[PDB]
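To be precise, the following lines are model.cif, and they hold mmCIF, C-alpha atoms and all ligand atoms.
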```
data_final
#
loop_
_atom_site.label_atom_id
_atom_site.label_comp_id
_atom_site.auth_asym_id
_atom_site.auth_seq_id
_atom_site.Cartn_x
_atom_site.Cartn_y
_atom_site.Cartn_z
CA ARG K 5 78.26 89.75 123.08
CA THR K 6 76.07 92.54 121.74
CA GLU K 7 72.39 91.91 121.12
CA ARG K 8 72.11 92.33 117.34
CA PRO K 9 75.63 91.85 115.91
CA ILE K 10 76.83 94.01 113.04
CA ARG K 11 76.71 92.01 109.80
CA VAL K 12 79.84 92.75 107.76
CA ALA K 13 80.50 91.74 104.15
CA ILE K 14 84.00 91.65 102.65
CA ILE K 15 84.15 92.83 99.02
CA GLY K 16 87.16 91.37 97.23
CA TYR K 17 89.35 88.64 98.73
CA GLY K 18 92.88 89.92 98.26
CA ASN K 19 95.48 90.75 100.88
CA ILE K 20 93.21 93.20 102.72
CA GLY K 21 90.22 90.87 102.49
CA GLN K 22 92.07 87.92 104.03
CA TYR K 23 93.13 89.94 107.07
CA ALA K 24 89.74 91.68 107.26
CA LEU K 25 88.28 88.19 107.72
CA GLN K 26 90.35 87.78 110.89
CA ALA K 27 89.54 91.29 112.12
CA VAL K 28 85.79 90.70 111.77
CA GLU K 29 86.08 87.38 113.63
CA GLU K 30 87.84 88.99 116.60
CA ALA K 31 85.44 91.95 116.63
CA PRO K 32 82.99 91.13 119.47
CA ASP K 33 80.21 93.30 117.99
CA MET K 34 80.44 91.92 114.44
CA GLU K 35 79.63 88.73 112.55
CA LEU K 36 80.74 87.83 109.03
CA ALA K 37 77.92 88.07 106.50
CA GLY K 38 80.08 86.60 103.74
CA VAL K 39 82.69 87.37 101.10
CA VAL K 40 81.83 88.81 97.68
CA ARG K 41 84.17 87.96 94.82
CA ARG K 42 84.29 88.28 91.05
CA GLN K 43 82.65 85.46 89.13
CA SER K 44 86.04 84.59 87.63
CA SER K 45 87.47 84.09 91.13
CA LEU K 46 84.44 82.01 92.11
CA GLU K 47 85.59 79.36 89.62
CA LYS K 48 88.99 78.77 91.25
CA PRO K 49 89.20 76.29 94.14
CA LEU K 50 87.72 77.44 97.44
CA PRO K 51 90.44 78.66 99.85
CA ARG K 52 90.77 76.45 102.90
CA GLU K 53 90.06 79.27 105.37
CA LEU K 54 86.72 80.08 103.69
CA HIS K 55 85.17 76.71 104.58
CA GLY K 56 81.78 77.44 106.09
CA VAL K 57 81.82 81.01 104.72
CA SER K 58 79.21 82.24 102.24
CA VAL K 59 81.24 83.22 99.15
CA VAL K 60 79.03 84.83 96.48
CA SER K 61 79.25 87.22 93.52
CA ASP K 62 76.80 89.88 94.76
CA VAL K 63 75.92 91.25 98.20
CA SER K 64 72.21 90.49 97.67
CA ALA K 65 72.89 86.76 98.14
CA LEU K 66 74.16 87.28 101.71
CA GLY K 67 70.94 88.44 103.32
CA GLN K 68 71.11 91.45 105.63
CA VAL K 69 74.40 93.36 105.34
CA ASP K 70 75.00 96.35 107.62
CA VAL K 71 78.49 97.36 106.43
CA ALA K 72 80.51 96.49 103.33
CA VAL K 73 84.29 96.53 103.77
CA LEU K 74 85.79 97.33 100.38
CA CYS K 75 89.05 95.45 99.84
CA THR K 76 89.07 96.20 96.11
CA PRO K 77 91.68 97.90 93.90
CA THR K 78 91.92 101.66 94.31
CA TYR K 79 90.51 102.65 90.91
CA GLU K 80 87.65 100.14 91.21
CA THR K 81 86.58 101.25 94.71
CA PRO K 82 84.55 104.51 94.40
CA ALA K 83 82.16 103.01 91.84
CA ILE K 84 81.66 99.90 93.99
CA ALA K 85 81.04 102.13 97.02
CA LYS K 86 78.44 104.26 95.22
CA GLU K 87 76.64 101.08 94.15
CA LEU K 88 76.46 99.72 97.71
CA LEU K 89 75.59 103.06 99.33
CA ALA K 90 72.60 103.30 96.97
CA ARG K 91 71.37 100.01 98.45
CA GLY K 92 71.51 101.62 101.90
CA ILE K 93 74.63 99.68 102.93
CA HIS K 94 77.43 101.40 104.83
CA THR K 95 80.82 101.24 103.12
CA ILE K 96 84.39 101.32 104.43
CA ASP K 97 87.36 101.73 102.11
CA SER K 98 91.06 102.60 102.25
CA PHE K 99 91.15 104.64 99.03
CA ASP K 100 94.69 105.98 98.90
CA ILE K 101 94.85 108.59 96.10
CA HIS K 102 95.35 111.69 98.26
CA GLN K 103 94.67 114.22 95.49
CA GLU K 104 91.26 112.66 94.78
CA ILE K 105 89.95 112.29 98.35
CA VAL K 106 88.10 115.63 98.54
CA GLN K 107 86.32 114.93 95.25
CA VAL K 108 85.56 111.29 96.06
CA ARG K 109 84.32 112.35 99.50
CA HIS K 110 81.79 114.76 97.95
CA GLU K 111 80.53 112.13 95.50
CA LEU K 112 80.07 109.50 98.22
CA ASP K 113 78.50 112.08 100.55
CA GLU K 114 75.69 112.82 98.10
CA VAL K 115 74.88 109.15 97.47
CA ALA K 116 75.12 108.27 101.17
CA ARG K 117 72.75 111.06 102.21
CA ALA K 118 70.28 110.08 99.49
CA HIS K 119 70.02 106.54 100.90
CA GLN K 120 70.51 107.01 104.66
CA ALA K 121 73.96 105.39 104.55
CA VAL K 122 77.40 106.17 105.99
CA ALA K 123 80.59 106.01 103.93
CA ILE K 124 84.00 106.19 105.59
CA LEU K 125 86.73 106.55 102.98
CA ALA K 126 90.53 106.63 103.10
CA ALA K 127 90.37 104.71 106.39
CA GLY K 128 93.57 102.68 106.22
CA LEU K 129 97.15 103.12 107.36
CA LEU K 130 98.07 106.15 105.22
CA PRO K 131 95.63 107.74 104.58
CA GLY K 132 93.81 106.76 107.77
CA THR K 133 95.25 106.57 111.28
CA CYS K 134 98.46 108.35 110.24
CA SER K 135 96.26 111.17 108.96
CA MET K 136 94.62 111.36 112.38
CA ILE K 137 97.98 111.58 114.17
CA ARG K 138 99.20 114.12 111.59
CA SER K 139 96.15 116.31 112.19
CA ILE K 140 96.56 116.14 115.98
CA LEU K 141 100.16 117.33 115.62
CA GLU K 142 98.89 120.20 113.47
CA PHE K 143 96.73 121.82 116.15
CA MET K 144 99.20 121.16 118.98
CA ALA K 145 101.74 123.24 117.01
CA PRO K 146 100.08 125.25 114.22
CA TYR K 147 103.32 126.80 112.89
CA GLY K 148 105.96 124.44 111.55
CA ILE K 149 106.42 121.46 109.25
CA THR K 150 105.48 117.79 109.48
CA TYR K 151 107.51 115.14 107.66
CA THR K 152 105.86 111.79 106.89
CA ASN K 153 108.51 109.17 106.12
CA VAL K 154 107.05 105.95 104.72
CA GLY K 155 109.66 103.40 105.80
CA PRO K 156 110.96 100.50 103.69
CA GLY K 157 107.93 98.64 102.41
CA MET K 158 106.23 97.30 99.33
CA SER K 159 104.24 99.52 96.99
CA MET K 160 101.71 97.35 95.20
CA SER K 161 100.62 100.11 92.82
CA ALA K 162 104.23 100.60 91.75
CA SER K 163 104.91 96.86 91.59
CA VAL K 164 102.07 96.21 89.15
CA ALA K 165 103.12 99.28 87.15
CA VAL K 166 106.58 97.75 86.72
CA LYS K 167 104.91 94.48 85.76
CA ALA K 168 103.02 96.01 82.82
CA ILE K 169 106.35 97.11 81.23
CA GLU K 170 107.80 95.31 78.21
CA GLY K 171 110.37 92.72 79.29
CA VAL K 172 109.56 92.13 83.00
CA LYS K 173 108.09 88.77 84.01
CA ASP K 174 107.65 89.85 87.63
CA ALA K 175 108.64 92.88 89.69
CA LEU K 176 108.82 94.14 93.27
CA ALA K 177 108.83 97.90 93.89
CA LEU K 178 109.78 99.34 97.28
CA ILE K 179 109.18 102.79 98.74
CA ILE K 180 112.19 103.92 100.79
CA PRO K 181 112.43 107.04 103.00
CA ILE K 182 115.47 109.29 102.64
CA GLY K 183 114.37 111.95 105.14
CA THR K 184 112.26 115.12 105.31
CA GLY K 185 109.36 113.54 103.42
CA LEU K 186 111.51 112.61 100.42
CA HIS K 187 111.47 109.03 99.18
CA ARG K 188 113.63 106.76 97.04
CA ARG K 189 112.28 103.82 95.02
CA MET K 190 114.07 100.51 94.44
CA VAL K 191 112.77 98.06 91.84
CA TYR K 192 113.65 94.36 91.75
CA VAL K 193 112.77 92.90 88.35
CA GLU K 194 112.53 89.30 87.11
CA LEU K 195 113.13 89.52 83.37
CA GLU K 196 111.42 87.60 80.57
CA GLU K 197 113.07 84.93 78.43
CA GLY K 198 115.79 86.66 76.39
CA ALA K 199 115.14 90.26 77.34
CA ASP K 200 118.17 92.37 78.22
CA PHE K 201 118.47 94.26 81.50
CA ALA K 202 119.98 97.45 80.05
CA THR K 203 116.91 98.39 78.00
CA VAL K 204 114.23 97.36 80.51
CA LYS K 205 116.17 99.40 83.07
CA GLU K 206 115.74 102.44 80.78
CA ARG K 207 111.99 101.87 80.35
CA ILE K 208 111.35 101.76 84.08
CA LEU K 209 113.68 104.70 84.74
CA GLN K 210 111.86 106.76 82.08
CA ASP K 211 108.39 105.55 83.07
CA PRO K 212 106.28 108.53 84.28
CA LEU K 213 106.30 107.11 87.81
CA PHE K 214 110.11 107.04 88.20
CA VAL K 215 111.52 109.95 86.16
CA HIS K 216 111.52 112.76 88.74
CA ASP K 217 112.15 110.33 91.64
CA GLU K 218 115.50 108.71 92.41
CA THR K 219 115.10 105.10 91.27
CA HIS K 220 117.37 102.06 91.49
CA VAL K 221 116.72 98.90 89.44
CA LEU K 222 118.17 95.45 90.14
CA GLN K 223 117.64 92.11 88.40
CA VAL K 224 116.88 89.15 90.67
CA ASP K 225 116.15 85.46 90.15
CA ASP K 226 112.95 85.22 92.25
CA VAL K 227 111.06 88.36 93.28
CA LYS K 228 108.62 86.26 95.32
CA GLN K 229 111.55 85.42 97.62
CA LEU K 230 111.85 89.13 98.47
CA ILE K 231 108.22 89.86 99.39
CA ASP K 232 107.27 90.92 102.92
CA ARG K 233 104.12 92.88 103.74
CA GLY K 234 105.55 94.72 106.72
CA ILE K 235 106.16 98.46 106.59
CA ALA K 236 107.25 101.40 108.75
CA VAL K 237 105.90 104.94 109.05
CA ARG K 238 107.81 107.70 110.86
CA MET K 239 106.29 111.16 111.30
CA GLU K 240 108.15 114.20 112.65
CA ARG K 241 106.90 117.67 113.53
CA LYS K 242 108.89 120.59 114.94
CA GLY K 243 106.57 123.49 115.58
CA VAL K 244 105.26 126.40 117.61
CA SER K 245 102.69 125.91 120.37
CA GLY K 246 101.14 129.33 120.77
CA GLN K 247 104.33 131.36 120.54
CA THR K 248 106.83 128.87 122.03
CA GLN K 249 109.21 127.49 119.41
CA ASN K 250 110.83 124.07 119.11
CA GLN K 251 108.00 121.76 120.14
CA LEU K 252 109.10 118.27 119.12
CA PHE K 253 106.81 115.40 118.11
CA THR K 254 107.65 111.94 116.81
CA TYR K 255 105.33 109.09 115.84
CA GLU K 256 106.49 105.67 114.67
CA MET K 257 104.85 102.34 113.85
CA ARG K 258 106.26 99.03 112.60
CA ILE K 259 103.31 96.90 111.57
CA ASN K 260 101.90 94.30 109.22
CA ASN K 261 100.47 96.55 106.50
CA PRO K 262 97.30 94.62 105.47
CA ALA K 263 96.68 93.35 109.02
CA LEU K 264 96.67 96.90 110.38
CA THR K 265 94.76 98.40 107.44
CA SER K 266 92.02 95.77 107.69
CA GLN K 267 91.79 96.32 111.45
CA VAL K 268 91.30 100.07 110.94
CA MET K 269 88.60 99.34 108.35
CA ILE K 270 86.84 97.04 110.83
CA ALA K 271 87.09 99.68 113.56
CA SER K 272 85.69 102.20 111.07
CA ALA K 273 82.81 99.82 110.32
CA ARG K 274 81.94 100.09 114.01
CA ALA K 275 82.09 103.89 113.72
CA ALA K 276 79.94 103.90 110.56
CA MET K 277 77.02 102.44 112.56
CA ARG K 278 77.14 105.51 114.84
CA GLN K 279 77.13 108.37 112.31
CA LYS K 280 74.50 110.46 110.63
CA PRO K 281 74.14 109.70 106.91
CA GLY K 282 77.04 111.02 104.84
CA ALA K 283 80.70 110.50 103.90
CA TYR K 284 83.54 110.97 106.39
CA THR K 285 87.28 110.81 106.49
CA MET K 286 88.77 109.55 109.75
CA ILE K 287 89.40 113.09 111.08
CA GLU K 288 85.65 113.76 110.95
CA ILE K 289 84.60 111.13 113.52
CA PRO K 290 84.99 111.16 117.33
CA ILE K 291 87.77 108.74 118.26
CA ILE K 292 85.48 107.06 120.80
CA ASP K 293 83.17 105.96 117.95
CA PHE K 294 85.87 103.58 116.68
CA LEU K 295 86.13 101.83 120.07
CA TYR K 296 83.98 99.03 121.46
CA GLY K 297 82.62 99.33 124.99
CA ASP K 298 80.70 101.52 127.38
CA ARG K 299 81.37 105.23 126.88
CA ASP K 300 82.09 105.97 130.55
CA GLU K 301 84.31 102.90 130.94
CA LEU K 302 86.33 103.90 127.87
CA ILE K 303 86.79 107.43 129.23
CA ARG K 304 87.88 105.99 132.58
CA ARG K 305 90.36 103.65 130.87
CA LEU K 306 91.84 106.02 128.29
CA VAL K 307 91.34 109.69 129.17
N1 LIG M 401 94.99 103.33 103.02
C1 LIG M 401 96.07 102.56 103.11
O1 LIG M 401 97.08 102.81 104.06
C2 LIG M 401 96.20 101.39 102.18
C3 LIG M 401 97.11 100.38 102.47
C4 LIG M 401 97.04 99.17 101.78
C5 LIG M 401 96.05 98.98 100.82
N2 LIG M 401 95.16 99.98 100.54
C6 LIG M 401 94.11 99.80 99.52
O2 LIG M 401 93.55 98.50 99.56
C7 LIG M 401 93.34 98.02 98.25
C8 LIG M 401 93.52 96.51 98.16
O3 LIG M 401 94.84 96.15 98.50
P1 LIG M 401 95.25 94.60 98.49
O4 LIG M 401 96.67 94.48 98.89
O5 LIG M 401 94.21 93.83 99.21
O6 LIG M 401 95.13 94.25 96.92
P2 LIG M 401 94.99 92.84 96.16
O7 LIG M 401 95.71 91.78 96.91
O8 LIG M 401 95.46 92.94 94.76
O9 LIG M 401 93.41 92.55 96.20
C9 LIG M 401 92.56 93.05 95.20
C10 LIG M 401 91.27 92.26 95.27
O10 LIG M 401 90.19 93.00 94.75
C11 LIG M 401 89.39 92.20 93.90
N3 LIG M 401 89.43 92.76 92.53
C12 LIG M 401 90.54 92.80 91.72
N4 LIG M 401 90.20 93.38 90.55
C13 LIG M 401 88.89 93.72 90.60
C14 LIG M 401 88.05 94.33 89.69
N5 LIG M 401 88.52 94.70 88.50
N6 LIG M 401 86.73 94.56 90.02
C15 LIG M 401 86.25 94.17 91.25
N7 LIG M 401 87.10 93.56 92.16
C16 LIG M 401 88.39 93.33 91.84
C17 LIG M 401 89.97 90.80 93.90
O11 LIG M 401 89.28 89.97 94.79
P3 LIG M 401 88.40 88.74 94.25
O12 LIG M 401 89.32 87.75 93.58
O13 LIG M 401 87.72 88.08 95.42
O14 LIG M 401 87.37 89.26 93.27
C18 LIG M 401 91.36 90.98 94.45
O15 LIG M 401 91.70 89.89 95.28
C19 LIG M 401 94.34 98.75 97.36
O16 LIG M 401 93.76 99.09 96.12
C20 LIG M 401 94.69 100.01 98.13
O17 LIG M 401 94.10 101.14 97.53
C21 LIG M 401 95.23 101.17 101.21
#
```

As a first step, turn the structure in this file into structure tokens.
Amino acid sequence: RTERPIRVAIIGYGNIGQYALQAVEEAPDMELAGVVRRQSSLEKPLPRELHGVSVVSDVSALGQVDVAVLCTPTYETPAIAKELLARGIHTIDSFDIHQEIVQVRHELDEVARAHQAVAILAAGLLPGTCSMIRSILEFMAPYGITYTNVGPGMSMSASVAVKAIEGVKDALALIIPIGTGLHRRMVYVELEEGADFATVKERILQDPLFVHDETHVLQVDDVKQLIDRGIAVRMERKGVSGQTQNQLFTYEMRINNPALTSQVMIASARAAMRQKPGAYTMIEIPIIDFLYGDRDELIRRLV
């Protein structure tokens, strides 16, 4: 629909990558350049939805690539981003280690500026659009407290951490809100042949991830039967606007986690094409840059 469509490559074909495929297809200003996978994954049978899709091991085999959408594991992502920025390719990621965002942002900023590229990081569900809402609440009521309650949903960094433990064949870890920003964790574990529940319970409950947090552990026959990739996020702020107390704000979403996250990353890919070289979180970009359409028509429709 646009003259020269944006050519988007998907790096890593996991949960995020599969939904990102659909988001790129629906994007009227974008066309799929291809999917980049590990060589090991290239040797498994080709997924049925990737028929007619260029699936390679390096971005150089896909021709021109405007933006790379990084659907890779968290710890693997900054290094992959730096590599692609250095090739002059824009990068979108949903890096979700909050304490490392400032540092990672600086490192990507320097590489991006050196190669006339734009990196948008932490552009997912949380961090991402929830961060944008959170920041808007902040300046509407500067004094007060915001509570971010991550509703019942799967934590895939906690699930694989419970899987690496001695005695667990498979595991599902859930993040559960208990109010005022506090969270409870519940772990469903499929045990190995002949391991006892009582000990493996005490190795998860004393694992560094679940010692200072309230944690419940249950043994189940099939953890795969319990998996659903939906999640909820509820944010509350009670604050002061100017000098007037008791301003009340509530934001809630009930969404498919990877579907939404991939959509935000695709919308951010659109925004990346409109920025000066550098690295940005989502609160550093005009909201209109994430939207497709004529500027005046968007203002007429939304403002
Ligand atoms: N910001 C948010 O609100 C939020 C929410 C959800 C997810 N995320 C982020 O999104 C990331 C991906 O989540 P997911 O559910 O899609 O995970 P996933 O299903 O495990 O997908 C990981 C994919 O990355 C590739 N990969 C795995 N190991 C790799 C390695 N060592 N080196 C290079 N590539 C590797 C693999 O694809 P191939 O087989 O094709 O190589 C794999 O399919 C997470 O790490 C998380 O940080 C953020």

- Query: Do you know which residues are at most 8 Å from segment 184-195 of chain K counting only C-alpha atoms, after dropping those on the same chain fewer than 6 positions away, and could you put them as a ChimeraX atom specification?
  - Reply: /K:151-154,163,171-178,201,214,217-227

- Query: Can you tell me which residues sit at most 9 Å away from ligand LIG 401 (chain M), counting all atoms listed in the file, written as JSON, numbers by chain?
  - Reply: {"K": [14, 15, 16, 17, 18, 19, 20, 21, 22, 23, 39, 40, 41, 42, 43, 44, 45, 46, 59, 61, 74, 75, 76, 77, 78, 79, 80, 81, 84, 97, 98, 99, 100, 101, 125, 126, 127, 128, 129, 130, 131, 132, 133, 134, 159, 160, 161, 261, 262, 264, 265, 266]}

Would you put the residues from that selection into a file with C-alpha atoms, as a PDB file, in the coordinates of the input?
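To be explicit, this is the file written out as selection.pdb:
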```
ATOM      1  CA  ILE K  14      84.000  91.650 102.650  1.00  0.00           C
ATOM      2  CA  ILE K  15      84.150  92.830  99.020  1.00  0.00           C
ATOM      3  CA  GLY K  16      87.160  91.370  97.230  1.00  0.00           C
ATOM      4  CA  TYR K  17      89.350  88.640  98.730  1.00  0.00           C
ATOM      5  CA  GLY K  18      92.880  89.920  98.260  1.00  0.00           C
ATOM      6  CA  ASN K  19      95.480  90.750 100.880  1.00  0.00           C
ATOM      7  CA  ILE K  20      93.210  93.200 102.720  1.00  0.00           C
ATOM      8  CA  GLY K  21      90.220  90.870 102.490  1.00  0.00           C
ATOM      9  CA  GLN K  22      92.070  87.920 104.030  1.00  0.00           C
ATOM     10  CA  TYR K  23      93.130  89.940 107.070  1.00  0.00           C
ATOM     11  CA  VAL K  39      82.690  87.370 101.100  1.00  0.00           C
ATOM     12  CA  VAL K  40      81.830  88.810  97.680  1.00  0.00           C
ATOM     13  CA  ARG K  41      84.170  87.960  94.820  1.00  0.00           C
ATOM     14  CA  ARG K  42      84.290  88.280  91.050  1.00  0.00           C
ATOM     15  CA  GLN K  43      82.650  85.460  89.130  1.00  0.00           C
ATOM     16  CA  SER K  44      86.040  84.590  87.630  1.00  0.00           C
ATOM     17  CA  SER K  45      87.470  84.090  91.130  1.00  0.00           C
ATOM     18  CA  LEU K  46      84.440  82.010  92.110  1.00  0.00           C
ATOM     19  CA  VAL K  59      81.240  83.220  99.150  1.00  0.00           C
ATOM     20  CA  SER K  61      79.250  87.220  93.520  1.00  0.00           C
ATOM     21  CA  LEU K  74      85.790  97.330 100.380  1.00  0.00           C
ATOM     22  CA  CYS K  75      89.050  95.450  99.840  1.00  0.00           C
ATOM     23  CA  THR K  76      89.070  96.200  96.110  1.00  0.00           C
ATOM     24  CA  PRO K  77      91.680  97.900  93.900  1.00  0.00           C
ATOM     25  CA  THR K  78      91.920 101.660  94.310  1.00  0.00           C
ATOM     26  CA  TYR K  79      90.510 102.650  90.910  1.00  0.00           C
ATOM     27  CA  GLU K  80      87.650 100.140  91.210  1.00  0.00           C
ATOM     28  CA  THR K  81      86.580 101.250  94.710  1.00  0.00           C
ATOM     29  CA  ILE K  84      81.660  99.900  93.990  1.00  0.00           C
ATOM     30  CA  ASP K  97      87.360 101.730 102.110  1.00  0.00           C
ATOM     31  CA  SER K  98      91.060 102.600 102.250  1.00  0.00           C
ATOM     32  CA  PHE K  99      91.150 104.640  99.030  1.00  0.00           C
ATOM     33  CA  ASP K 100      94.690 105.980  98.900  1.00  0.00           C
ATOM     34  CA  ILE K 101      94.850 108.590  96.100  1.00  0.00           C
ATOM     35  CA  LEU K 125      86.730 106.550 102.980  1.00  0.00           C
ATOM     36  CA  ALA K 126      90.530 106.630 103.100  1.00  0.00           C
ATOM     37  CA  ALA K 127      90.370 104.710 106.390  1.00  0.00           C
ATOM     38  CA  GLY K 128      93.570 102.680 106.220  1.00  0.00           C
ATOM     39  CA  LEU K 129      97.150 103.120 107.360  1.00  0.00           C
ATOM     40  CA  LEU K 130      98.070 106.150 105.220  1.00  0.00           C
ATOM     41  CA  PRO K 131      95.630 107.740 104.580  1.00  0.00           C
ATOM     42  CA  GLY K 132      93.810 106.760 107.770  1.00  0.00           C
ATOM     43  CA  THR K 133      95.250 106.570 111.280  1.00  0.00           C
ATOM     44  CA  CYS K 134      98.460 108.350 110.240  1.00  0.00           C
ATOM     45  CA  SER K 159     104.240  99.520  96.990  1.00  0.00           C
ATOM     46  CA  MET K 160     101.710  97.350  95.200  1.00  0.00           C
ATOM     47  CA  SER K 161     100.620 100.110  92.820  1.00  0.00           C
ATOM     48  CA  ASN K 261     100.470  96.550 106.500  1.00  0.00           C
ATOM     49  CA  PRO K 262      97.300  94.620 105.470  1.00  0.00           C
ATOM     50  CA  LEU K 264      96.670  96.900 110.380  1.00  0.00           C
ATOM     51  CA  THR K 265      94.760  98.400 107.440  1.00  0.00           C
ATOM     52  CA  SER K 266      92.020  95.770 107.690  1.00  0.00           C
TER      53      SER K 266
END
```

Which polymer residues, whether protein, DNA or RNA, lie within 9 Å of the coordinate (83.5, 80.6, 108.8) when you count only C-alpha atoms? List them as a short mmCIF file (atom, residue, chain, number, x, y, z; two decimals) with C-alpha atoms, in the coordinates of the input, using the chain letters and numbers from the file.
```
data_model
loop_
_atom_site.label_atom_id
_atom_site.label_comp_id
_atom_site.auth_asym_id
_atom_site.auth_seq_id
_atom_site.Cartn_x
_atom_site.Cartn_y
_atom_site.Cartn_z
CA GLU K 29 86.08 87.38 113.63
CA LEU K 36 80.74 87.83 109.03
CA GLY K 38 80.08 86.60 103.74
CA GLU K 53 90.06 79.27 105.37
CA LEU K 54 86.72 80.08 103.69
CA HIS K 55 85.17 76.71 104.58
CA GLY K 56 81.78 77.44 106.09
CA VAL K 57 81.82 81.01 104.72
CA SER K 58 79.21 82.24 102.24
#
```

Sphere at (80.4, 96.7, 102.0), radius 12 Å, counting only C-alpha atoms: residues as a CSV table (one decimal) with C-alpha atoms, in the coordinates of the input:
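Contents of the output file out.csv:
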```
chain,number,residue,atom,x,y,z
K,10,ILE,CA,76.8,94.0,113.0
K,11,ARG,CA,76.7,92.0,109.8
K,12,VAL,CA,79.8,92.8,107.8
K,13,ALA,CA,80.5,91.7,104.2
K,14,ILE,CA,84.0,91.6,102.6
K,15,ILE,CA,84.2,92.8,99.0
K,16,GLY,CA,87.2,91.4,97.2
K,21,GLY,CA,90.2,90.9,102.5
K,24,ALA,CA,89.7,91.7,107.3
K,36,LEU,CA,80.7,87.8,109.0
K,37,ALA,CA,77.9,88.1,106.5
K,38,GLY,CA,80.1,86.6,103.7
K,39,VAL,CA,82.7,87.4,101.1
K,40,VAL,CA,81.8,88.8,97.7
K,41,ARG,CA,84.2,88.0,94.8
K,62,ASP,CA,76.8,89.9,94.8
K,63,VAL,CA,75.9,91.2,98.2
K,64,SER,CA,72.2,90.5,97.7
K,66,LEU,CA,74.2,87.3,101.7
K,68,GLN,CA,71.1,91.4,105.6
K,69,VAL,CA,74.4,93.4,105.3
K,70,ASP,CA,75.0,96.4,107.6
K,71,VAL,CA,78.5,97.4,106.4
K,72,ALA,CA,80.5,96.5,103.3
K,73,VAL,CA,84.3,96.5,103.8
K,74,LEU,CA,85.8,97.3,100.4
K,75,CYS,CA,89.0,95.4,99.8
K,76,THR,CA,89.1,96.2,96.1
K,81,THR,CA,86.6,101.2,94.7
K,82,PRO,CA,84.6,104.5,94.4
K,84,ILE,CA,81.7,99.9,94.0
K,85,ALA,CA,81.0,102.1,97.0
K,86,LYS,CA,78.4,104.3,95.2
K,87,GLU,CA,76.6,101.1,94.2
K,88,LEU,CA,76.5,99.7,97.7
K,89,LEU,CA,75.6,103.1,99.3
K,90,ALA,CA,72.6,103.3,97.0
K,91,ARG,CA,71.4,100.0,98.4
K,92,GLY,CA,71.5,101.6,101.9
K,93,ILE,CA,74.6,99.7,102.9
K,94,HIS,CA,77.4,101.4,104.8
K,95,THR,CA,80.8,101.2,103.1
K,96,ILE,CA,84.4,101.3,104.4
K,97,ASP,CA,87.4,101.7,102.1
K,121,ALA,CA,74.0,105.4,104.6
K,122,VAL,CA,77.4,106.2,106.0
K,123,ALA,CA,80.6,106.0,103.9
K,124,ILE,CA,84.0,106.2,105.6
K,125,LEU,CA,86.7,106.6,103.0
K,269,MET,CA,88.6,99.3,108.4
K,270,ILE,CA,86.8,97.0,110.8
K,272,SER,CA,85.7,102.2,111.1
K,273,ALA,CA,82.8,99.8,110.3
K,276,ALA,CA,79.9,103.9,110.6
```

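Using all atoms listed in the file, the smallest distance between any of K:290, K:156, K:67, K:148 and residue 233 of chain K comes from K:156.
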
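Proximity of K:149, K:170, K:229, K:278 to residue 197 of chain K, computed with only C-alpha atoms, is greatest for K:170.
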
- Task: Pick out the residues sitting within 12 Å of segment 143-146 of chain K, and hand them over as a PyMOL selection string; count all atoms listed in the file, and ignore anything fewer than 4 positions along from it in its own chain.
- Result: chain K and resi 136-139+150+240-253

Residues of the last selection are to be written out with C-alpha atoms, as a JSON list (two decimals), in the coordinates of the input.
```json
[["chain", "number", "residue", "atom", "x", "y", "z"],
["K", 136, "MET", "CA", 94.62, 111.36, 112.38],
["K", 137, "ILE", "CA", 97.98, 111.58, 114.17],
["K", 138, "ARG", "CA", 99.20, 114.12, 111.59],
["K", 139, "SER", "CA", 96.15, 116.31, 112.19],
["K", 150, "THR", "CA", 105.48, 117.79, 109.48],
["K", 240, "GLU", "CA", 108.15, 114.20, 112.65],
["K", 241, "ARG", "CA", 106.90, 117.67, 113.53],
["K", 242, "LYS", "CA", 108.89, 120.59, 114.94],
["K", 243, "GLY", "CA", 106.57, 123.49, 115.58],
["K", 244, "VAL", "CA", 105.26, 126.40, 117.61],
["K", 245, "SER", "CA", 102.69, 125.91, 120.37],
["K", 246, "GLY", "CA", 101.14, 129.33, 120.77],
["K", 247, "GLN", "CA", 104.33, 131.36, 120.54],
["K", 248, "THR", "CA", 106.83, 128.87, 122.03],
["K", 249, "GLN", "CA", 109.21, 127.49, 119.41],
["K", 250, "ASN", "CA", 110.83, 124.07, 119.11],
["K", 251, "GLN", "CA", 108.00, 121.76, 120.14],
["K", 252, "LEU", "CA", 109.10, 118.27, 119.12],
["K", 253, "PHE", "CA", 106.81, 115.40, 118.11]]
```

Take the structure in the block and write a file for segment 23-35 of chain K, C-alpha atoms, as a tab-separated table (two decimals), in the first residue's frame.
```tsv
chain	number	residue	atom	x	y	z
K	23	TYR	CA	3.19	-14.28	16.22
K	24	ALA	CA	5.56	-11.66	14.80
K	25	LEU	CA	5.12	-13.46	11.47
K	26	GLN	CA	1.39	-12.72	11.60
K	27	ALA	CA	1.92	-9.13	12.75
K	28	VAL	CA	4.26	-8.40	9.83
K	29	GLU	CA	1.78	-9.92	7.38
K	30	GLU	CA	-1.07	-7.70	8.60
K	31	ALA	CA	1.16	-4.61	8.68
K	32	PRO	CA	0.26	-2.73	5.46
K	33	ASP	CA	3.64	-0.93	5.30
K	34	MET	CA	5.79	-4.04	5.85
K	35	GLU	CA	6.81	-7.18	3.97
```
